[PDB]
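Each chain, written out:
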Amino acid sequence: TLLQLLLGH
Amino acid sequence: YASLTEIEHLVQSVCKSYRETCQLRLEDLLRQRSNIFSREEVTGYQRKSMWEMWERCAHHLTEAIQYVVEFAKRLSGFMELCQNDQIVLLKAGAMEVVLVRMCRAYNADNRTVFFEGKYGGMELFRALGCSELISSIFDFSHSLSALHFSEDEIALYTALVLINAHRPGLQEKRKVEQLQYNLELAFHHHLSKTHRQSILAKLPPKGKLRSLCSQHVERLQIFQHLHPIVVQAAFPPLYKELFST
Ligand SMILES: CCS(=O)(=O)c1ccc(CNC(=O)c2cnc3c(c2)CN(C[C@H]2CC[C@H](C(F)(F)F)CC2)[C@H]3C(C)C)nc1
């Protein structure tokens with residue numbers, strides 16, 4: 001997801 | 001079992017994390033209070049299309065959310081949680097934290113909020129077609145403003161809004177419980193030192209923030225069903241991910 005990407009995963 | 005020294009250090013860490021990600025400095029918001037939209041400017045906003053007003057609002061909300069995500073990443077203990085739980089907490093808590101932070105940009109004296117460079121009352125937002133939600137957000141902001149939060153209090157309180165062990169879908173609940181507890185100790189310690197424990201009983205019930213967030217999701221569903229293309233073409237993808245049904 002985008003949250004995952006922003007969190008660095 | 002966090003020592004008093006560890007708790008004091010946590011107070012400092014949380015406040016630093018917040019200061020570094022607070023979006024606008026409080027000094028700047030307070031200075032702009034005298035800058036209020038004119039009757040003609042307010043009319044211009046009220047005459048904007050529903051889609052353009054929703055688009056602008058979704059953009060500004062997303063910008064605020066991005067600073068909250070950055071807050072989470074810098075928050076002591078958050079990145080030590082598992083990926084699933086990081087997501088669960090942020091998906092549920094991002095908007096809640098933005099709503100709390102928003103009281104900084106609210107002027108209780110004339111009931112206006114800082115939006116696109118000037119202060120405007122709830123009437124600025126008429127084109128959205130969600131008067132009840134908007135009035136509820138203004139009421140919420142007004143209630144918070146009455147408490148006269150310091151920046152450090154907002155730091156500690158918003159950390160607790162985010163680190164909520166009761167969010168459905170958590171995998172490592174006990175890990176979140178421990179972090180939540182230490183943050184509560186941090187908050188309570190800071191309040192005691194500053195003679196401010198009185199504010200605890202005046203904080204809004206958790207159902208209040210939950211209700212505002214659910215109402216947001218519900219109103220977006222109404223808008224999106226009527227204007228699906230606008231949401232697909234113009235809304236920030238993160239806003240869609242967090243809030244779209
Ligand atoms: C928080 C960090 S800070 O540094 O303090 C700060 C504060 C403010 C700003 C610039 N101002 C804004 O960003 C801003 C101000 N007011 C609004 C929005 C954005 C969106 N909202 C309408 C929306 C609600 C949800 C509605 C819905 F539920 F119907 F979707 C859609 C309209 C109104 C309010 C009624 C919530 N910068 C930095």
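Residues numbered from 1 in each chain as written, not as in the entry; some residues may be left out. Chains lettered and ligands numbered in written order. Heavy atoms only, no water.

- This entry lists X-ray crystallography as its structure determination method and reports a resolution of 1.6400 Å.

- The name given to chain B in the PDB entry is Nuclear receptor ROR-gamma, with Homo sapiens as the source organism.

1. A short note on the site of the ligand
Residues and elements named next belong to chain B.
Stage number 1. Among the 24 residues in the neighbourhood of the ligand, the closest are listed as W54, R104, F114, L133 and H216.
Stage number 2. In this structure, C22 approaches the ligand through a main-chain N or O atom, which is 3.2 Å from an oxygen atom.
Stage number 3. Separating an oxygen atom of the ligand from a backbone N or O atom of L24 is a distance of 3.1 Å.
Stage number 4. Isolated, the ligand exposes 790 Å² of accessible area, and the fraction of that covered by the protein chains is 96%.
Stage number 5. Put simply, the parts of the chain that give the shell around the ligand at least two residues each are α4 (50–74), β2 (112–115), α6 (131–145) and α9 (206–226). (Near = heavy atom within 4 Å. Polar contact = N/O pair within 3.5 Å; in protein donor to acceptor, adjacent residues only side chain to side chain. Areas by Shrake-Rupley, 256 points an atom, 1.4 Å probe, with all protein chains shown as cover. Helix = DSSP H or I, 4+ residues; strand = E, 2+ residues; numbered from the N terminus.)

2. Considering the interface of chain A and chain B
Stage number 1. Taken together, the contacts link 8 residues of chain A with 13 residues of chain B.
Stage number 2. Roughly 1000 Å² is buried in total at the junction of chain A and chain B, and carbon and sulfur atoms are behind 70% of that figure.
Stage number 3. When the buried area of chain A at its contact with chain B is split by residue, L3, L6 and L7 of chain A rank highest and sum to 61% of it.
Stage number 4. Run the count over chain A and chain B and you get 0 salt bridges.
Stage number 5. At the boundary of chain A and chain B, one finds 5 residue pairs in polar contact.
Stage number 6. Considering only residue class, the side of chain A that touches chain B consists of 4 nonpolar, 4 polar and no charged. (Contact = heavy atoms within 4.5 Å. Buried area = accessible area lost by both parts, 1.4 Å probe. Salt bridge = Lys/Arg side-chain N within 4 Å of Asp/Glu carboxyl O. Nonpolar A, V, L, I, M, F, W, Y, C, P; charged D, E, K, R; others polar.)

3. Thoughts on the packing of aromatic side chains
Residue and element names in this part refer to chain B.
Stage number 1. Overall, the coordinates contain 12 aromatic pairs over all chains when judged by the stated rule.
Stage number 2. Taken together, a centroid distance of 5.9 Å and an interplanar angle of 80° make the contact between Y106 and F138 edge-to-face. Placement of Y106 in strand β1 (residues 106–107) and of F138 in helix α6 is noted, with a sequence separation of 32 residues between them.
Stage number 3. Residue classification places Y106 among the buried residues on the basis of a relative accessible area of 4%.
Stage number 4. Taking 5.6 Å as the distance between ring centres and 70° as the angle between the ring planes, the aromatic pair formed by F235 and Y239 counts as edge-to-face. (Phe/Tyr/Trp six-rings, centres within 6.5 Å; stacked < 30°, edge-to-face > 60°. Buried < 20%, exposed > 50% of the residue type's maximum accessible area, 1.4 Å probe, protein only.)

4. Regarding the UniProt feature "short sequence motif: AF-2" in chain B
Stage number 1. This chain's UniProt record puts "short sequence motif: AF-2" on residues 238–243 of chain B.
Stage number 2. Helix makes up 100% of residues 238–243 of chain B and strand 0%, whereas the separation of the span's terminal C-alpha atoms amounts to 9 Å. (UniProt positions renumbered as here; feature names shortened; annotations may be inferred.)

5. A closer look at unusual backbone geometry
All names here are of chain B.
Stage number 1. Even without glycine at this site, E116 takes up a positive phi of about 45°.
Stage number 2. As for its placement among the helices and strands, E116 is situated in the loop between β2 and β3 (118–120).
Stage number 3. Residue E116 is classed as partly exposed on the basis of its relative accessible area of 29%.
Stage number 4. Located in the positive-phi region is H148, a residue other than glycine, with phi close to 55°.
Stage number 5. Tracing the backbone shows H148 in the loop between α6 and α7 (151–162).

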